[PDB]
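Residue numbers (the UniProt record's numbering), protein chains in the order written: chain Y, 25 to 188, 198 to 336, 427 to 493; chain E, 25 to 330, 398 to 461; chain D, 25 to 330, 398 to 461; chain V, 18 to 181, 189 to 331, 431 to 493; chain Z, 22 to 183, 199 to 341, 442 to 505.
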């Protein structure tokens, strides 16, 4: 009773819905912003698009809602729909690639002397620079800048919790990636009067090892038929034609591979590294098989009286066997041996190279997890 | 205090939001547009659709918003939310594919005098020419008109604000590149009606396309195929033993050319390139076609290639000799003298066609690169 | 005039729309519903989705709408805005995949008495069985039940009105054809609860599907592939000298149909059918494989066809006689006789299992055709 | 000039949902018209389209002719949507999607009570293009639209030219073309048996398409293909013995290519419309290509196999010569190529005929509808 | 009329009743709220990303003490309707599966009992991120956990107490629903200094995998394998089909490669385990290897891959001489090795082929354990 109807009344009589919990132009209302992440569902590492979900915990004080006996001293804590406070119509300078879901228009926790607690989980369409640099083992970092899209920091100050909180705090276990750390730094670019956005850093690490495995098999298994086509010459010289069949076959195979590679990066591309040199490794088996094909080509051919008849017989046979013996002199196997071992150098050299680069790529550019 | 409540309430009462600050029958409501694309998110030259960042600077005056010491004296310039304002139905003429995004419920600023600005952070859906003339090396100028939508120059007039580039905030992630962009004003009166119609801002986007990755993959299997067909020439004249062997290649390669066709027309369908680009491939690819068919039909062009005891000896020797003849006949079929002709016949052809393909390639690259 | 203001004012005060014209503890609200289907713009047999239009002919009564010379007298039948009506949350039980569209904001039929109807040109997306047994020749009857959503019998009741076909306005551009369409009513009380539950209209769509496009191309490559198989068998007789050639065409054949089955899975899962069907193709074609298995295995089935001066004349003709009986050996295996049994053996067996394929295929359509 | 009082006067009596109908037996005079401006999506196989229509709306309601303070002030007024009778437009046969931006827009009230309004609308529709619209003779797109609310005994729509156009702003990036746009104003009475006519708006659009790009992709390959097979056909006379199988390699290659085509463009017609006539020539000119093609191997399949002590021994050896000669003789009577050579000219003129039959007829199906 | 006008004026739902005020008899323990979960349908499953679109009947109950009516409300009709804005509605949040706001399970018509007890239960088209993990593929196919409850209120403003999942499991799913337990609870946490919001915890333990991919996929293996199997039987019956035998490698090779290509395609659409994916590609490689083996083994060997008297002696010389050549080749033939090859092909096929379904079983036995 104690002026309850009165209080109650006066409050709703004088209280202003559309007003800011501050008095004039000054230090403003110090709103607390801090989100406990739920998990993330889709990383479009290719366009640098980020759809995650977290809690929008906001909290500041409404010294305009401090109650009295019944709602203050009666029930120190009571729930009341928002819709009555300035809400950070927050957009993300890079990210905020789309609207809020479970972000605004939801109830809030209002304390006795005016404290306000609003904890809503939400899904948000963002876009961070995971750029086409989300695959190097050295990976990269990003700028996630949150802030309102009609308000300018003049009638409120924004403030954070931790900066180490981490993003693996609610990292998706469903992620083909991994994370090292999440930096959180408060910002106010001076290119705009409006103090604004906060930059949040993603020192992301995404190592999904699954198909590069059977990709290796081609390179090496194709090599099987490759070393084979380079081995088949002094193995079965008649490989002559069958050889060409091999490369038709070998080339179509690698071209189909050419088919799956562009359409697969089509959703998760970054530096060429792997492709850069396998591209070379490609060109390598490609041309090596084709010049060996020219190795194959280079051969212009390969690619008394009684006794007289006898004598005429003696000369017939012998005469042309030298001729076909000439073909021997012409297609001997010197090259095959020499370049099948130049094949030895080439393929085992260029092989242990990307082997190496790849080797160097996973270990060397790994520690910049920062 | 200072007429506190009397101040605020009076203002609400006699003021109709929907009213347009019409001032006598003349100048119309003078309202100016000023678009600053902060940045672009994505574009589809094929479907000529773009999602872009726009901060619309909208200006106009409402002499009804002028004040005295009890509104301007309170705090010079202040923040009043939109609603109460008459929002020009802005519209991109041949564009407009989408609603202005974040135009709604934003705020504006009123001066001690009245002058108001409405500059809400937009990003929207666009629709501009690309025609099959945008992907050219010689580009096309995206004609984009902007201006008042349902009001005439007698009720209202949209005017421009300034010059500024489109590559000022052009997307570096675009598969295209900018030349220049200009925008000049205009008033459109129609021979239809004797009346004076709306005003408009006309954008002109002059940019040339094609990211270079494409460039390399395609022309190299061509010089690739060039060498196999090059081999298609040299293989036969230096070795007609694997004519059919090459039969294989002819199959494996035009099919390679066939499947490359699925890939690049979808590219074609993925990105609108001026068809006159297509003829490059047309004759080029098709000569691979006319040349083969002749080269290999010719490759193919050849009939079959692609005392008494003493007398016994002479009836027998005579048998060996006319078959001797016969052998020479079929060889008199596959000569190695003109396969050399076709070699230089066409290689000059290829160095002609090729250098002719390089011709227009080089030529308008003498125009584009400029 | 005629109690002008007194008549419309009184009507608004003591009139309510939230309420339903409940009349004592009995038959519920007499709801008359029906389908008036005149267009089926889009449907997918695969996902069993149907976006059609049916004017929702509703018919029921509310005495409160009865009038005298001051509303009936005004103009017999008057049409009132639907708002005043309690609109049922009708919905497709195992369907309802989409909102009804165009029902809101419409006209309502009122009578001097009270009779009322409102046939809304409702268009919506539906969801009913088609399963893999949707498009056979023997059809399936999509069970479509419709009735009040969240209201039980104790408050509202609906009932059929008339029988009308589904083909009355069935799509002549449909990839299907109708046979019959029946709709009877019922009330569903459940063993769960002792209560008397909602009423509903159950439609059953009986119609056979499948254009003949997929059909023409399944069988063409079959007969054509049976031509090469037929060649498969005949060649060893007319050209066994190309058994290897045969091999090539089996790599050919095999890849082609292995690729044919690729199409199937895409198309089949892209357009629904009862698996029992592909079973036909399965063994029939594994039959060409099972048979080429044996036939070419059998085709390759064979070991390798897959004085003293007087003295040497004798060592010599000896040389010749040894080899001659020897060449007789390889021909001893390629007897050119079993080759004719294999094509006839299988020609009959393919003419028979083909006629077998032909059998259930036609039997099933001597069932469908019906 | 009573400016305030007048506004306040009518608003007193101002009636919303009531039509400006003098009385009830002669309806109001409603004017409408549409200027096409965007034909956004042509999915002819499903008979649907999306267009930005200028919905020119006009009617009369002197319920607000004004005095010196509003009519005379300015013979022009722009008053909000929700403030006068509004035609809820839709295309009977087409509009399958509620209008977008086609309503809720500023209307126009001159001074005598003339009302003008014109919102732009992107919406979906379903015009003809039913197993026809892909010819050279075109199916006239017939769209009739009217208010879907009331029926012509109270409402009456008007129109204008029924002779003059759809190509007024027919899109230049359409894979088609328009040649005439007729439009009639009419009453309501359809096949379905509806009475009380509500007039509508008929939209004829007989348009052309088929600007083939795929034509020569189809035309040069087939010639290359025909030649390839004619290679198969004449190349044998030129080709060596190792060519029978040579020819085969081509069949394999020839149809690998073939059904791949069969898979390529069939896709084409499913994503876009369809028609069988042009379809018939291809597959059957194609099946004949295949036919004489396999016929060829069956042709290069046909033929039986081409697919004193001194003297006693001199006697017998002179026999192996004549003996084997009888054998090589075999070859003779077997491979005297009457059938093959003639098979070249067989397909040749047959080629000319298949071609003439087809392109001559394509000449016709472009020349009758020309 | 029995005080009806007056009484609903007494309740005035919106005006007299505090709809923005939840009748929890003021600050105390809580309003006894109860949630009931019944899945009406499961339309889509995404095993790979642990996401599910499913329909639920959001059966809700709580007593509205200000809702109790009198004669012309209560007894006039011991049951009546009242919209959401005129009925207190729990703010049920799908705790770990509402990362996709609830549809038409929102502000819907509710059921008004006579003595305040109210009943609101409409349909919920929802999306969830259930505990798939890369362990939702072994045969147990995990247990999908979900919690439902009134999000906003705590343990002194709300108490929610507590149906099979296969009750409305979708029959067009590529999986199988084995069980679905239901038990409510309430729980505070470390950072919170007080207990609150009670919830409906419903675990769904399911299983899935086709008996169809097995069909057309192993099918080609025994068919293909017989080719490679015959491959070694064929080197005997006629190894002379050198080039043509070579053709088949190209051909059995191109077949092999894109077969594996279709594999990841469906793979990405499905998070496949490492245990199974290897047996597939391991064994096709087994043939791939032996195709390469086929290569060499098929082309592996170096070669197999007195005057008148004077004259004819010349021939007997040329005779014998190239007879040495002729034979230098059969030296290479290596034919008494033939059977052992195809015997030691049989043995291994048996070894590995068995090793797989041997392993098939050694893991087929323990789950059935």
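The beta carbon of each residue, even a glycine, is placed where N, CA and C say it ideally should be.
query: Endpoints, alpha helix (DSSP H) assigned at residue 35 of chain Y; result: 28-38
query: Cβ distance (whole Å) where residue 76 of chain Z is taken to contact residue 62 of chain Z below 8 Å; result: 4 Å
query: Whole-angstrom distance between residue 138 of chain Z and residue 86 of chain Z, CA atom to CA atom; result: 7 Å
query: Integer-rounded CB distance, given that residue 169 of chain Y should sit under 8 Å from residue 302 of chain Y; result: Not really, about 24 Å apart at Cβ, beyond 8 Å.
query: N-terminal and C-terminal residue of the alpha helix (DSSP H) that residue 171 of chain E is part of; result: Not the alpha helix (DSSP H): residue 171 of chain E falls in the beta strand (DSSP E), residues 164-172.
query: C-alpha distance - residue 461 of chain E paired with residue 162 of chain E, whole-angstrom precision; result: 10 Å
query: Outcome for residue 466 of chain V when other beta-carbon atoms lying within 10 angstroms are tallied against a minimum of 16; result: buried
query: Endpoints, the alpha helix (DSSP H) within which residue 442 of chain E is located; result: 430-459
query: Residue 169 of chain E beta carbon less than 8 Å from that of residue 135 of chain E; result: no
query: Residue 203 of chain E: CB within 7 Å of a non-hydrogen atom of the ligand PLP; result: Absence of the ligand PLP is noted for the structure shown, with no ligands found whatsoever.
query: Limits of the beta strand (DSSP E) - the one that residue 239 of chain Y falls within; result: Segment: none, residue 239 of chain Y is in no beta strand (DSSP E) and carries neither H nor E.
query: Straight-line gap, residue 197 of chain V to residue 155 of chain E (C-alpha atoms, nearest Å); result: 7 Å
query: Residue 436 of chain Y beta carbon less than 8 Å from that of residue 401 of chain E; result: no
query: Minimum Cβ-Cβ distance from residue 184 of chain D to chain V less than 8 Å; result: no
query: First through last residue of the alpha helix (DSSP H) which encompasses residue 317 of chain V; result: 301-323
query: C-beta neighbour in chain D for residue 277 of chain Z, strict 8 Å; result: yes
query: Residue 104 of chain Y beta carbon less than 8 Å from that of residue 131 of chain Y; result: yes
query: Residue 476 of chain Z - containing alpha helix (DSSP H), residue span; result: 474-500
query: Ordered list of beta strand (DSSP E) runs contained in the stretch 25-106 of chain Y, each at least 3 residues; result: 54-58, 61-68, 73-79, 81-83, 101-105
query: Residue 145 of chain Z at chain Y interface by Cβ criterion, 8 Å; result: no
query: CB contact flag (residue 95 of chain D, residue 31 of chain D, <8 Å); result: yes
query: Integer-rounded CB distance, given that residue 108 of chain D should sit under 8 Å from residue 41 of chain D; result: 5 Å
query: Residues that residue 65 of chain Z bridges to, as DSSP identifies them; result: Z:74
query: Chain V contact residues for residue 205 of chain D, given Cβ-Cβ distances below 9 Å; result: The contacting residues do not exist; residue 205 of chain D stays about 17 Å from chain V at best.
query: Residues sharing a beta bridge with residue 470 of chain Z, DSSP; result: Beta-bridge pairing links residue 470 of chain Z to no other residue.
query: Residues near residue 458 of chain Y in its chain [Cβ-Cβ closer than 8 Å; skip 5 each side]; result: 328, 331
query: Listed by chain order, chain D residues near residue 322 of chain V by CB distance under 7 Å; result: 255
query: Stretch-stretch touch, CB-based, cutoff 8 Å, three pairs: the stretch 79-86 of chain V with the stretch 211-222 of chain V; result: no
query: Cβ-based contacts, 7 Å cut-off: residues of the stretch 255-284 of chain Z near chain Y; result: 278, 279, 282, 283
query: Cβ-Cβ separation, residue 142 of chain V to residue 108 of chain V (assumed contact under 8 Å), whole Å; result: 5 Å
query: Beta carbon proximity, residue 41 of chain E to chain Y, threshold 8 Å; result: no
query: The stretch 241-258 of chain D touching the stretch 436-446 of chain D, judged by at least three CB pairs closer than 8 Å; result: yes
query: Three or more C-beta pairs below 8 Å linking the stretch 443-450 of chain Y and the stretch 268-278 of chain Y; result: no
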